[PDB]
Engineer: 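I am attaching a structure below and will ask some questions about it afterwards.
The first residue in the sequence is number 1, and the count goes up from there. Basis for what follows: all heavy atoms, side chains included, without hydrogens, waters or symmetry-related copies. Counting convention: from 1, in listed order, for ligands and their atoms alike.
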Amino acid sequence: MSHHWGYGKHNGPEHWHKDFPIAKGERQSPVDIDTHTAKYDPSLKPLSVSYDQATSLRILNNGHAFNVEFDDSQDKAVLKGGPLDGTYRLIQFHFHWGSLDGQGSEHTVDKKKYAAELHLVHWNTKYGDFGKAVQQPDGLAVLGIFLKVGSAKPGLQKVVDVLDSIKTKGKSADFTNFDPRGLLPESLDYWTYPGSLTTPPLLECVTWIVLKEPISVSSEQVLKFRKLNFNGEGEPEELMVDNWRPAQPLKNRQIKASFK
Ligand SMILES: [Cu+2]
Ligand SMILES: [Zn+2]
């Protein structure tokens with residue numbers, strides 16, 4: 001929110017608190033997931049990812065990442081169960097990634113950084129619209145999935161192949177008839193905790209659900225992410241890499257596990 005924040009030395013995560021003081025708040029994201037301290041929670045309900053009727057619309061370079069946007073005017077693609085009360089509707093997904101394969105994720109697992117992290121963003125339908133949802137402590141649910149470099153992910157290739165058409169900030173392209181189920185791992189085992197948006201405005205509205213099993217993507221797929229630009233057309237080229245916030249203090253939170 002507001003202008004001029006980014007991921008450089010002069011406007012990156014260490015600077016955000018000056019315009020977004022909640023950056024130093026009590027439930028900021030991402031965090032390190034200490035797997036030995038997370039506790040199994042038998043009260044968690046089964047997690048339900050219901051994306052069969054998902055209706056993708058468009059892909060946009062917003063100068064911070066790229067978003068694949070969905071029709072959220074009806075319950076076409078929803079997340080329910082797990083730690084969640086009620087129904088959360090899919091609005092968009094995006095990624096965070098590194099300049100090198102050893103960094104890029106926002107969450108870490110026993111301090112391990114993955115090459116990238118996928119965020120599927122959903123809003124609680126009891127609040128009527130996304131903008132109202134971000135005024136509520138249970139307004140959003142983000143499903144986070146780690147990416148490691150190995151074999152190609154077939155379900156990612158349609159995304160990689162459109163990126164040359166959205167190289168610079170402000171560009172968009174049609175992205176209809178995409179199935180986001182092709183981005184999931186086999187297992188839905190997860191960790192969950194209460195947190196925030198990981199970019200400005202850093203609002204403390206998110207139930208995080210982070211899957212334990214990473215997806216594998218090829219070196220060639222992640223290399224195509226790294227050819228995007230932060231800048232607009234006609235401006236000095238600034239590669240879109242290292243668009244991740246580091247782990248923040250856990251403070252008075254417990255991370256729960258869905259699995260023993
Ligand atoms: Cu501003
Ligand atoms: Zn994100």
Engineer: Determine which of the N, O or S atoms in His119 is closest to the Zn ion (ligand 2) and give its atom name.
Structural biologist: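 This residue's closest N, O or S atom turns out to be ND1.
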Engineer: Please determine whether a side-chain nitrogen of the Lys or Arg among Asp72 and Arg89 lies less than 4.0 Å from a carboxylate oxygen of the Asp or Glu.
Structural biologist: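 Salt bridge: no.
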Engineer: Is the terminal nitrogen or CZ of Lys256 (NZ for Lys, CZ for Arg) located under 6.0 angstrom from the six-membered ring centre of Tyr193 and within 45° of that ring's axis?
Structural biologist: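 No - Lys256 does not lie over the ring of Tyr193 by the 6.0 Å and 45° rule.
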Engineer: Any salt bridge linking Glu69 with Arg58? Criterion: basic side-chain nitrogen under 4.0 Å from a carboxylate oxygen.
Structural biologist: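 Salt bridge: yes.
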Engineer: Has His3 got an N, O or S atom lying less than 2.8 Å from the Cu ion (ligand 1)?
Structural biologist: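 Looking at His3, which is the residue asked about, there is an N, O or S atom under 2.8 Å from the Cu ion (ligand 1).
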Engineer: So that I can check it, does any N, O or S atom in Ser2 come closer than 2.8 Å to the Cu ion (ligand 1)?
Structural biologist: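 It does: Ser2 brings an N, O or S atom closer than 2.8 Å to the Cu ion (ligand 1).
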Engineer: Is it true that the NZ or CZ of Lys112 lies under 6.0 Å from the centre of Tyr114's six-membered ring and within 45 degrees of the ring axis?
Structural biologist: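 Yes, a cation-pi geometry.
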Engineer: Need one value: angle at the Zn ion (ligand 2), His94 atom NE2 versus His96 atom NE2, rounded to 10 degrees.
Structural biologist: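 Reported to 10°, the angle equals 100°.
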